[PDB]
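If you read the sequence shown in the entry's author numbering, its first letter stands for residue 1, the second for the next number, and so on. Heads up, the beta-carbon is just placed ideally off N, CA and C, and yes, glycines get one too. Structure first, then comments.
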Amino acid sequence: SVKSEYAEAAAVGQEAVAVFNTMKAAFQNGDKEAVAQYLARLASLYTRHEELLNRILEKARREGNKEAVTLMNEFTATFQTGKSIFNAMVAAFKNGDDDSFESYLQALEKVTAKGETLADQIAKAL
Ligand SMILES: Oc1ccc(-n2ccnc2)cc1
Ligand SMILES: Oc1ccc(-n2ccnc2)cc1
């Protein structure tokens, strides 16, 4: 069901939260080798999450579930804000700009926390 597909997508999102927090600890500790691996792992999770979200939005559209489509359009837009911040974070790591890395890291945490009420609202709407 589209609802069970959203729960699967929500779990992938929570996997990225977990890996992101370990990555933040590694960054603070200066373990740049770990950071690089976590960033690769996070890119794969976000690419997977985005694909599950697009499939869910398209299905809600085919089902005519107007409220769920509205919420998912808003939620996908916020996801892309997070993705842009992430990709900038990755560039700051490549460049050795720890000041920018810290900045982008905090921004991504705030974008994500803000988007969580909507994330829950979608589960209920599908
Ligand atoms: O697919 C995702 C979802 C949330 C993510 N995140 C939570 C906190 N900072 C990033 C990252 C990737
Ligand atoms: O709340 C978030 C967190 C991370 C996100 N992301 C990282 C890479 N692509 C999406 C998107 C939305």
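By the 10 Å Cβ neighbour count, where 16 or more other Cβ atoms means buried, how is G13 classified, buried or exposed?
buried
Tell me the rounded alpha-carbon separation between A119 and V19.
19 Å
Any idea if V35 is buried or exposed, counting beta-carbon neighbours within 10 angstroms, 16 or more meaning buried?
buried
Environment of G82 [buried if 16+ CB atoms lie within 10 Å]
buried
Can you find the residues in the same chain that come closer than 7 Å, C-beta to C-beta, to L45, ignoring five residues on each side of it along the sequence?
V12, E15, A16, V19
Outcome for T112 when other beta-carbon atoms lying within 10 angstroms are tallied against a minimum of 16:
buried
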